[PDB]
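Peer 1: Mind having a look at this structure? Questions to follow.
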Amino acid sequence: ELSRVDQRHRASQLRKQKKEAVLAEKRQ
Amino acid sequence: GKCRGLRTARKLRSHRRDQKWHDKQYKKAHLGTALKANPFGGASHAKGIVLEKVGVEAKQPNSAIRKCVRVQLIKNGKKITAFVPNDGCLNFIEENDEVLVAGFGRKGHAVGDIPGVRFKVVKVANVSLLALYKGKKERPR
Amino acid sequence: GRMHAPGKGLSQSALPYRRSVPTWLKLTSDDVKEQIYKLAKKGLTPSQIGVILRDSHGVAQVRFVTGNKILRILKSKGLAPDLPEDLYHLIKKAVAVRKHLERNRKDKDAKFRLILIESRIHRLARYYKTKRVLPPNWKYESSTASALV
Amino acid sequence: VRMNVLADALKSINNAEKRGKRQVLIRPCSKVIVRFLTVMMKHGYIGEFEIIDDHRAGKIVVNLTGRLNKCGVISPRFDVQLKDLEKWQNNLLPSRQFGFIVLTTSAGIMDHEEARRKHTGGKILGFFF
RNA sequence: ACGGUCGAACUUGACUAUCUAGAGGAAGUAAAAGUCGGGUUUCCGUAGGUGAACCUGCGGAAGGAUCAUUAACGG
RNA sequence: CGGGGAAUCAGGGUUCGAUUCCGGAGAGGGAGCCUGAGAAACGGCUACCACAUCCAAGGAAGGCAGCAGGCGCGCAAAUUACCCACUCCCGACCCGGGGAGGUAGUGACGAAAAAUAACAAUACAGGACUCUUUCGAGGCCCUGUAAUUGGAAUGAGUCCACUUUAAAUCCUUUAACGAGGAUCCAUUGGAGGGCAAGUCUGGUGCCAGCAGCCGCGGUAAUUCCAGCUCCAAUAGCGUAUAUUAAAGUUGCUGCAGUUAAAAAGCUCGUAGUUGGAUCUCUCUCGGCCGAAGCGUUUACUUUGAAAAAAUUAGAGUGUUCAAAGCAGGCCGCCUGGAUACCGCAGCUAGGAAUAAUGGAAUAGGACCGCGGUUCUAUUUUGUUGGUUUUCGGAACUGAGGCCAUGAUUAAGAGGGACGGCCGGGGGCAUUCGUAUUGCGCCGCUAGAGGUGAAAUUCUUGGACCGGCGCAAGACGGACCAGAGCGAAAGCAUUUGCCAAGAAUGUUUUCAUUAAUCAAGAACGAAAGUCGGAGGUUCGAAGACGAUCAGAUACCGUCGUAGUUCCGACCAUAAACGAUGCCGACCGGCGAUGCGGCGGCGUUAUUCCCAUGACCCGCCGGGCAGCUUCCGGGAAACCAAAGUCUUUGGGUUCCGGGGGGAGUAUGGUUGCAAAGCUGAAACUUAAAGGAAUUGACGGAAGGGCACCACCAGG
């Protein structure tokens, strides 16, 4: 994967997508 | 032979680390390419969703069909095959079920007759397969 | 064994235990020293002077008779050459091999032996620079080497 | 080339003792070799020797008594402190009753027992038993 | 309010790196009993012969199973 | 995040340390501030970026990586409890406050203690002491089966009370109740081997399954599924994973590199590492001593003082024992709360072996006195203005005396000389030899070639054959050997020229100048690639002819690149001794090559003297050989592959189960081909090395037989 800051960016992107899915499911 | 001078410390330690990289277990532990190819990601256990049930054919001298399961792990999305040990224990598993999986015992190496299985099912629907097999508990769905 | 050859030979001198001047040798230290002075004025390296003194005049060792070795006597009076004898001979040999390689281009063995001679020249030059016999700015160069001899 | 003349002398003594010989010629000689043989002689291990005094580095002919099993050098000459002499005598010596680490200290070349008596440390030279 | 300073951040192109939908192509797999059907002892390196293998050329190895003869030579 | 430290460990080591103590950093991310002694502070402010709350739509308010708690995340982690009583902290303060901290709740993380029953009598059963030839006879203990009995002791629990505490709970102390096996009932794994404990019975039948590994299961399963029994640990025991020891399978201690994985094709060479002997305390100031310089400086070694506590080790001490703790003990007293270790670096004072380093060789070298030039003395010229007070101190200098004046010796280390040789070592020119091919002429003939047979092909325009010549390119046979030379690749016709080189000989010279070498650099068979020349033979490709159920490799004829030379590239081989280099030691023998030495003799037709060829020895370096129970080794074997658990001479490269794979990618070199460097996913229980027997030979020899044949009935 390399490039520590880019690995952290990937982790932040996955966090954002999973949290968006969670909030979409819970509000219904 | 070896250098044995009183000033040969850095030669000795540099040659030691360079030839340390030629050790297979050391290179597995420290290069970091096996840890990212490992589906568990440095975890003792993982939890996944049953995709399908598989009959895996046993290797050449033994004739049996081992009941395994194709599971997709929740935390990374990778697909693994896990063996369901005891007899009739595949019947406790349904499709799209929540399953706790561990390794099978040889640290990522396939074991025994089963070709290409490194994992075994430990828990099904958050109850253990041992308690289901011995009939101590009941399974929800 | 050898520096640049596979040989391991034993050809060398063996001085006797006896350091005293033999009783038949009726030569004082001053006569031997003036003989060394006139042989150097004729023009000879200390190896040649020692060989002439040993063969003809019966002087077994100069430093057993005079107490001092030949090159130190020459340096003390002042007839020592500026470059040492062995370095001079090595540079002369290198010049001859360079002349041969200029004449003959396809001679690979001459190139190899020239490389060995240059390695020996550089080793001697480093040793003489450590002992302050040569100046520290001295260097052997490919083009201007025959001028030194 | 020839490095560590003590190693050559001790190896020659060991090889000719293992062969059953009575005398050993070792060349060259040195003060360290003579001191080592003097220490090894005072414990009744080797016998008595002559230094052939040529005008070069001398030679030594040493008589052999059949009391020697192994005489050996340690290269390099490691620094040994008194706190660390016990580990060295555990590593090199066959028993606590016999065997000798020879070491050079500022009080001279001696054994490990005399080094303990005089409370000194130094650099290791050898061992014999 | 002009000016200076520290400076978050914003816009435009390049170098990128990551996340995330995709018409299509090339595949393989499970389902069709459907249709048609002699040579080599063992090698090495290079080159050619359709890629590899294999064969041949050139140069190398044995990591391949030595029987028999050998005293005269002077006039 | 770093340390203190932790796990493991013979010794050396490996791994962990987010985590309560010390230090740092930060409060969603960056940035800028105010106040203040102290902040670039976030339970302060102001922005932007990202989130997100209330809206009446104008506006307003945010920051749990504090304590609880929630969502999310996950294999993975507790109550929205009580108190400021203890420990301390803040304030104007004996008084107030503290989700710091304390106390309970959850808690099989982990550690310490410790139940699940003991005994007596009988019935069998053993093993002992006494008496008996023995059998046996007893009073001596022990053991369980007790489908046998018997009362005694109890903690679990139930639960008054006291004690504990801020209030409680718990623990402790105690009334009362609380024990006969259908109970107050102990589990988790296993029973083929490793590895302790069943060839038990029933079921299944290569299925289901078990099995870390080897394996079990296809109808007598010691291995599956059960019953019984047995085994291990036991309030605990499995399984997955990280790690440590096993692992002398990372080897410093302490591994390997002939044949098992492995030494570079070869040499040079810088950094690095290593490097032969040798050399046995005092002058001035102050009270025999203290101050001043030391002494070339170190490395080393010993000592001293600095190295937080906790933790580790360890002293004392009956927490009922222990893990713990720092307390306690004696009738107001007596006390403890030690000590050790704490790398390396930095101080400090002794020792001077070992290992570096230095002091005098154009002598502007030490020790003394004899003088000059220049700059200076801070006091003695009572008070002075002074040209001068004197004295004494620093640097540049000229001779003199004095020192036993001053250079370890010359490595069975090295370099360089000089000597007579020696060799297929190299380069250039030159000379010769045959063979082959082509051509010309002459002679006679119908075949010649090729194959296991043929065929293709040449051929009476006259092939093949024999003779006389000419030319072209190639190659240097036999001599030619376990001979020689070279760093290796390699090197063989004559002569000449050119520079090299080993060895030997030397009472020559220099005097450590050396060994092994990352980086770097020359050379490097064959094949191959660029330019030119030339192409005799041979010849990859290619074209034909044969050969067969299916032949497309073999075989024969022709033949292109090439094979040859010159100049550029390439850097690869079973580039081999499948064996790094330098140095030392440990058995023997005689052949050979070169050099040297000592010789009685034969020969150059007896040679007039040396010199060449032989003959006998000796020495040095070589190519090799034989022999040996030197020692090693898994062995075959090896005088090295020996001097290795009795393990350390110096140093370079280099291997770590078999494959993927010397592959992908990247870099670099090359015109190209490719060379150098060089993985991973994945797969596998083996692959390999040495030896040892010989089913079976489509291997070979013999013998026997009308249940074999031959001649027959």
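Going through the structure tokens in order, the chains are called A, B, and so on, while each chain numbers its residues from 1 and the ligands are numbered from 1 in the order shown.
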Residues of chain D were defined as contacting chain B if any atom lay at most 8 Å from it, counting only C-alpha atoms; please report them as a VMD selection string.
Peer 2: chain D and resid 75 to 76 78
Peer 1: Just write the chosen residues, N, CA, C and O atoms, as a PDB file, in the first residue's frame.
Peer 2:
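The result, written out as result.pdb:
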ATOM      1  N   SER D  75      42.345 -16.002  20.231  1.00  0.00           N
ATOM      2  CA  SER D  75      42.507 -14.871  19.335  1.00  0.00           C
ATOM      3  C   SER D  75      41.117 -14.400  18.923  1.00  0.00           C
ATOM      4  O   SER D  75      40.324 -15.203  18.405  1.00  0.00           O
ATOM      5  N   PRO D  76      40.778 -13.117  19.120  1.00  0.00           N
ATOM      6  CA  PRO D  76      41.605 -12.005  19.593  1.00  0.00           C
ATOM      7  C   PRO D  76      41.814 -11.998  21.097  1.00  0.00           C
ATOM      8  O   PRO D  76      41.159 -12.741  21.819  1.00  0.00           O
ATOM      9  N   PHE D  78      40.811 -10.830  23.996  1.00  0.00           N
ATOM     10  CA  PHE D  78      39.682 -10.129  24.592  1.00  0.00           C
ATOM     11  C   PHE D  78      40.043  -9.568  25.958  1.00  0.00           C
ATOM     12  O   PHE D  78      40.868 -10.120  26.686  1.00  0.00           O
TER      13      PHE D  78
END
Peer 1: For residue 87 of chain B, please output as a PyMOL selection string all residues within 12 Å (counting only C-alpha atoms (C1' of nucleotides); exclusion window: fewer than 4 positions along the same chain).
Peer 2: (chain B and resi 65-68+83+91-92+129-130+132-134) or (chain F and resi 207-210+224-225)
Peer 1: Please save N, CA, C and O atoms (P, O5', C5', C4', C3', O3' and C1' of nucleotides) of the selected residues as a PDB file, in the first residue's frame.
Peer 2:
ATOM      1  N   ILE B  65     -15.533 -36.605   1.163  1.00  0.00           N
ATOM      2  CA  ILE B  65     -15.967 -35.246   0.857  1.00  0.00           C
ATOM      3  C   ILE B  65     -16.041 -34.488   2.173  1.00  0.00           C
ATOM      4  O   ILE B  65     -16.851 -34.821   3.047  1.00  0.00           O
ATOM      5  N   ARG B  66     -15.193 -33.476   2.320  1.00  0.00           N
ATOM      6  CA  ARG B  66     -15.167 -32.659   3.522  1.00  0.00           C
ATOM      7  C   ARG B  66     -16.111 -31.478   3.339  1.00  0.00           C
ATOM      8  O   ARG B  66     -16.050 -30.778   2.323  1.00  0.00           O
ATOM      9  N   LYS B  67     -16.989 -31.264   4.312  1.00  0.00           N
ATOM     10  CA  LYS B  67     -17.986 -30.204   4.220  1.00  0.00           C
ATOM     11  C   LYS B  67     -17.358 -28.887   4.651  1.00  0.00           C
ATOM     12  O   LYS B  67     -17.072 -28.685   5.834  1.00  0.00           O
ATOM     13  N   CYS B  68     -17.141 -27.992   3.697  1.00  0.00           N
ATOM     14  CA  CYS B  68     -16.593 -26.676   3.965  1.00  0.00           C
ATOM     15  C   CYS B  68     -17.600 -25.610   3.560  1.00  0.00           C
ATOM     16  O   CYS B  68     -18.676 -25.891   3.034  1.00  0.00           O
ATOM     17  N   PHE B  83     -13.520 -25.016   7.202  1.00  0.00           N
ATOM     18  CA  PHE B  83     -13.985 -26.385   7.358  1.00  0.00           C
ATOM     19  C   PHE B  83     -14.927 -26.495   8.555  1.00  0.00           C
ATOM     20  O   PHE B  83     -14.672 -25.917   9.615  1.00  0.00           O
ATOM     21  N   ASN B  91     -25.275 -29.004   8.839  1.00  0.00           N
ATOM     22  CA  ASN B  91     -26.718 -28.802   8.886  1.00  0.00           C
ATOM     23  C   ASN B  91     -27.107 -27.697   9.862  1.00  0.00           C
ATOM     24  O   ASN B  91     -28.231 -27.189   9.800  1.00  0.00           O
ATOM     25  N   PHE B  92     -26.202 -27.315  10.767  1.00  0.00           N
ATOM     26  CA  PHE B  92     -26.463 -26.183  11.651  1.00  0.00           C
ATOM     27  C   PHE B  92     -26.188 -24.859  10.949  1.00  0.00           C
ATOM     28  O   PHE B  92     -26.473 -23.790  11.498  1.00  0.00           O
ATOM     29  N   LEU B 129     -20.268 -24.204  17.811  1.00  0.00           N
ATOM     30  CA  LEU B 129     -20.601 -25.466  17.162  1.00  0.00           C
ATOM     31  C   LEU B 129     -20.475 -26.636  18.128  1.00  0.00           C
ATOM     32  O   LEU B 129     -21.116 -27.675  17.942  1.00  0.00           O
ATOM     33  N   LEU B 130     -19.639 -26.488  19.158  1.00  0.00           N
ATOM     34  CA  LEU B 130     -19.490 -27.538  20.160  1.00  0.00           C
ATOM     35  C   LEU B 130     -20.771 -27.709  20.965  1.00  0.00           C
ATOM     36  O   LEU B 130     -21.209 -28.838  21.216  1.00  0.00           O
ATOM     37  N   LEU B 132     -23.766 -26.839  19.998  1.00  0.00           N
ATOM     38  CA  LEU B 132     -24.794 -27.346  19.098  1.00  0.00           C
ATOM     39  C   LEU B 132     -24.633 -28.843  18.870  1.00  0.00           C
ATOM     40  O   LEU B 132     -25.621 -29.585  18.865  1.00  0.00           O
ATOM     41  N   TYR B 133     -23.394 -29.296  18.679  1.00  0.00           N
ATOM     42  CA  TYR B 133     -23.129 -30.706  18.423  1.00  0.00           C
ATOM     43  C   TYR B 133     -23.441 -31.558  19.647  1.00  0.00           C
ATOM     44  O   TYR B 133     -24.067 -32.618  19.537  1.00  0.00           O
ATOM     45  N   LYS B 134     -23.018 -31.107  20.829  1.00  0.00           N
ATOM     46  CA  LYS B 134     -23.326 -31.828  22.057  1.00  0.00           C
ATOM     47  C   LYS B 134     -24.741 -31.566  22.550  1.00  0.00           C
ATOM     48  O   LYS B 134     -25.169 -32.203  23.517  1.00  0.00           O
TER      49      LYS B 134
ATOM     50  P     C F 207     -16.001 -43.315  -1.058  1.00  0.00           P
ATOM     51  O5'   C F 207     -17.214 -43.239  -0.032  1.00  0.00           O
ATOM     52  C5'   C F 207     -17.258 -42.246   0.982  1.00  0.00           C
ATOM     53  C4'   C F 207     -18.566 -42.296   1.728  1.00  0.00           C
ATOM     54  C3'   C F 207     -18.755 -41.273   2.833  1.00  0.00           C
ATOM     55  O3'   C F 207     -19.204 -40.027   2.325  1.00  0.00           O
ATOM     56  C1'   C F 207     -19.494 -43.426   3.546  1.00  0.00           C
ATOM     57  P     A F 208     -18.744 -38.642   2.991  1.00  0.00           P
ATOM     58  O5'   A F 208     -19.275 -38.724   4.492  1.00  0.00           O
ATOM     59  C5'   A F 208     -20.655 -38.589   4.797  1.00  0.00           C
ATOM     60  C4'   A F 208     -20.935 -38.929   6.239  1.00  0.00           C
ATOM     61  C3'   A F 208     -20.106 -38.174   7.265  1.00  0.00           C
ATOM     62  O3'   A F 208     -20.645 -36.901   7.574  1.00  0.00           O
ATOM     63  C1'   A F 208     -20.035 -40.481   7.749  1.00  0.00           C
ATOM     64  P     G F 209     -19.750 -35.580   7.423  1.00  0.00           P
ATOM     65  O5'   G F 209     -18.860 -35.559   8.742  1.00  0.00           O
ATOM     66  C5'   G F 209     -17.474 -35.858   8.713  1.00  0.00           C
ATOM     67  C4'   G F 209     -17.121 -36.893   9.747  1.00  0.00           C
ATOM     68  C3'   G F 209     -15.745 -36.770  10.372  1.00  0.00           C
ATOM     69  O3'   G F 209     -15.657 -35.776  11.376  1.00  0.00           O
ATOM     70  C1'   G F 209     -16.069 -38.990   9.694  1.00  0.00           C
ATOM     71  P     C F 210     -14.319 -34.896  11.503  1.00  0.00           P
ATOM     72  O5'   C F 210     -13.290 -35.882  12.190  1.00  0.00           O
ATOM     73  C5'   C F 210     -13.554 -36.389  13.483  1.00  0.00           C
ATOM     74  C4'   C F 210     -12.538 -37.421  13.857  1.00  0.00           C
ATOM     75  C3'   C F 210     -11.110 -36.926  13.939  1.00  0.00           C
ATOM     76  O3'   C F 210     -10.822 -36.239  15.144  1.00  0.00           O
ATOM     77  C1'   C F 210     -11.171 -38.956  12.735  1.00  0.00           C
ATOM     78  P     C F 224     -11.707 -42.716  17.108  1.00  0.00           P
ATOM     79  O5'   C F 224     -12.851 -42.286  16.094  1.00  0.00           O
ATOM     80  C5'   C F 224     -12.660 -41.224  15.172  1.00  0.00           C
ATOM     81  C4'   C F 224     -13.783 -41.178  14.171  1.00  0.00           C
ATOM     82  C3'   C F 224     -15.180 -41.207  14.774  1.00  0.00           C
ATOM     83  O3'   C F 224     -15.652 -39.903  15.061  1.00  0.00           O
ATOM     84  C1'   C F 224     -14.997 -42.872  13.089  1.00  0.00           C
ATOM     85  P     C F 225     -16.068 -39.466  16.547  1.00  0.00           P
ATOM     86  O5'   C F 225     -17.555 -40.002  16.696  1.00  0.00           O
ATOM     87  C5'   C F 225     -18.568 -39.613  15.784  1.00  0.00           C
ATOM     88  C4'   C F 225     -19.787 -40.475  15.956  1.00  0.00           C
ATOM     89  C3'   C F 225     -20.132 -40.806  17.395  1.00  0.00           C
ATOM     90  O3'   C F 225     -20.857 -39.773  18.032  1.00  0.00           O
ATOM     91  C1'   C F 225     -20.187 -42.778  16.094  1.00  0.00           C
TER      92        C F 225
END
Peer 1: By how many Å are atom CA of residue 83 of chain D and atom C1' of residue 6 of chain F apart?
Peer 2: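 Separating atom CA of residue 83 of chain D from atom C1' of residue 6 of chain F is a distance of 25.7 Å.
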Peer 1: Can you tell me how far atom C1' of residue 58 of chain E sits from atom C1' of residue 573 of chain F, in Å to one decimal?
Peer 2: 12.8 Å
Peer 1: Could you please select, counting only C-alpha atoms (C1' of nucleotides), the residues of chain F within 7 Å of chain B and state them as a PDB file with C-alpha atoms (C1' of nucleotides), in the first residue's frame?
Peer 2:
ATOM      1  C1'   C F  75     -11.836 -11.647  17.764  1.00  0.00           C
ATOM      2  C1'   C F 206     -12.775 -45.171   1.498  1.00  0.00           C
ATOM      3  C1'   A F 208     -20.035 -40.481   7.749  1.00  0.00           C
ATOM      4  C1'   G F 209     -16.069 -38.990   9.694  1.00  0.00           C
ATOM      5  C1'   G F 212      -1.102 -30.843  14.580  1.00  0.00           C
ATOM      6  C1'   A F 240      -6.911 -20.219  17.326  1.00  0.00           C
ATOM      7  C1'   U F 241      -3.029 -16.632  16.974  1.00  0.00           C
ATOM      8  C1'   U F 250      21.248 -17.293  11.779  1.00  0.00           C
ATOM      9  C1'   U F 273      39.808  -6.014   8.803  1.00  0.00           C
ATOM     10  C1'   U F 274      44.497  -8.083  10.355  1.00  0.00           C
ATOM     11  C1'   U F 651      40.775 -12.498   5.763  1.00  0.00           C
ATOM     12  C1'   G F 656      19.574 -21.901   5.224  1.00  0.00           C
TER      13        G F 656
END
Peer 1: List every residue of chain D that has an atom at most 6 Å from any atom of chain F, and for each one report the closest atom pair and its distance in Å to one decimal, counting only C-alpha atoms (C1' of nucleotides), with rows sorted by chain and then by increasing residue number, as CSV.
Peer 2:
residue,atom,partner,partner_atom,distance
D:1,CA,F:583,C1',4.5
D:2,CA,F:583,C1',4.7
D:8,CA,F:584,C1',5.6
D:12,CA,F:585,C1',5.2
D:57,CA,F:277,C1',4.4
D:70,CA,F:646,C1',5.8
D:74,CA,F:648,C1',5.3
D:75,CA,F:648,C1',5.2
D:104,CA,F:353,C1',5.6
D:105,CA,F:353,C1',5.4
D:106,CA,F:353,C1',4.6
D:108,CA,F:353,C1',4.5
D:121,CA,F:301,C1',5.2
D:122,CA,F:301,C1',5.6
Peer 1: For chain E, report every residue with an atom at most 12 Å from chain A (counting only C-alpha atoms (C1' of nucleotides)), formatted as an NGL selection string.
Peer 2: :E and (16-20)
Peer 1: May I have the residues from that selection written out with N, CA and C atoms (P, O5', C5', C4', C3', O3' and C1' of nucleotides), as a PDB file, in the first residue's frame?
Peer 2:
ATOM      1  P     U E  16       2.838  10.409 -13.375  1.00  0.00           P
ATOM      2  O5'   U E  16       1.374  10.439 -12.750  1.00  0.00           O
ATOM      3  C5'   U E  16       0.984   9.497 -11.762  1.00  0.00           C
ATOM      4  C4'   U E  16       1.231  10.023 -10.372  1.00  0.00           C
ATOM      5  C3'   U E  16       0.541   9.272  -9.246  1.00  0.00           C
ATOM      6  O3'   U E  16       1.236   8.096  -8.870  1.00  0.00           O
ATOM      7  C1'   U E  16       0.246  11.602  -8.949  1.00  0.00           C
ATOM      8  P     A E  17       0.601   6.653  -9.178  1.00  0.00           P
ATOM      9  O5'   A E  17      -0.249   6.324  -7.874  1.00  0.00           O
ATOM     10  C5'   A E  17       0.392   6.074  -6.632  1.00  0.00           C
ATOM     11  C4'   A E  17      -0.515   6.382  -5.468  1.00  0.00           C
ATOM     12  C3'   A E  17      -1.873   5.699  -5.471  1.00  0.00           C
ATOM     13  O3'   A E  17      -1.825   4.360  -5.012  1.00  0.00           O
ATOM     14  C1'   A E  17      -2.140   7.983  -4.946  1.00  0.00           C
ATOM     15  P     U E  18      -2.914   3.293  -5.519  1.00  0.00           P
ATOM     16  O5'   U E  18      -4.237   3.671  -4.717  1.00  0.00           O
ATOM     17  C5'   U E  18      -4.299   3.517  -3.307  1.00  0.00           C
ATOM     18  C4'   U E  18      -5.479   4.245  -2.710  1.00  0.00           C
ATOM     19  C3'   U E  18      -6.856   3.769  -3.143  1.00  0.00           C
ATOM     20  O3'   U E  18      -7.274   2.604  -2.456  1.00  0.00           O
ATOM     21  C1'   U E  18      -6.776   6.133  -3.196  1.00  0.00           C
ATOM     22  P     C E  19      -8.271   1.558  -3.157  1.00  0.00           P
ATOM     23  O5'   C E  19      -9.711   2.217  -2.985  1.00  0.00           O
ATOM     24  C5'   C E  19     -10.253   2.460  -1.696  1.00  0.00           C
ATOM     25  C4'   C E  19     -11.397   3.441  -1.748  1.00  0.00           C
ATOM     26  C3'   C E  19     -12.601   3.020  -2.577  1.00  0.00           C
ATOM     27  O3'   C E  19     -13.473   2.150  -1.878  1.00  0.00           O
ATOM     28  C1'   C E  19     -12.011   5.247  -3.115  1.00  0.00           C
ATOM     29  P     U E  20     -14.054   0.835  -2.595  1.00  0.00           P
ATOM     30  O5'   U E  20     -15.151   1.394  -3.604  1.00  0.00           O
ATOM     31  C5'   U E  20     -16.340   1.999  -3.122  1.00  0.00           C
ATOM     32  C4'   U E  20     -16.954   2.913  -4.151  1.00  0.00           C
ATOM     33  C3'   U E  20     -17.456   2.244  -5.420  1.00  0.00           C
ATOM     34  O3'   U E  20     -18.740   1.671  -5.263  1.00  0.00           O
ATOM     35  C1'   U E  20     -16.166   4.144  -5.985  1.00  0.00           C
TER      36        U E  20
END
Peer 1: Go through segment 31-73 of chain D and collect every residue that DSSP, computed from the backbone, puts in strand (DSSP E); the answer should be as an NGL selection string.
Peer 2: :D and (49-52 or 59-63 or 71-73)
Peer 1: Neighbours of residue 21 of chain C within 12 Å (only C-alpha atoms (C1' of nucleotides); same-chain residues fewer than 4 positions away dropped), as a list in words?
Peer 2: residues 16, 17, 25, 26, 27, 28, 29, 58, 59, 60, 61, 62, 63, 64, 65, 66 and 67 of chain C; 507 of chain F
Peer 1: Can you tell me which residues surround residue 141 of chain C at a distance of at most 12 Å, considering only C-alpha atoms (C1' of nucleotides), apart from same-chain residues fewer than 2 positions away, and format the answer as number ranges by chain?
Peer 2: C: 91, 94-95, 118, 121-122, 125, 138-139, 143-148
Peer 1: Once you count only C-alpha atoms (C1' of nucleotides), which residues of chain F turn out to be within 6 Å of chain C? Could you give them as a ChimeraX atom specification?
Peer 2: /F:416-417,426-427,499,507-509,513,621
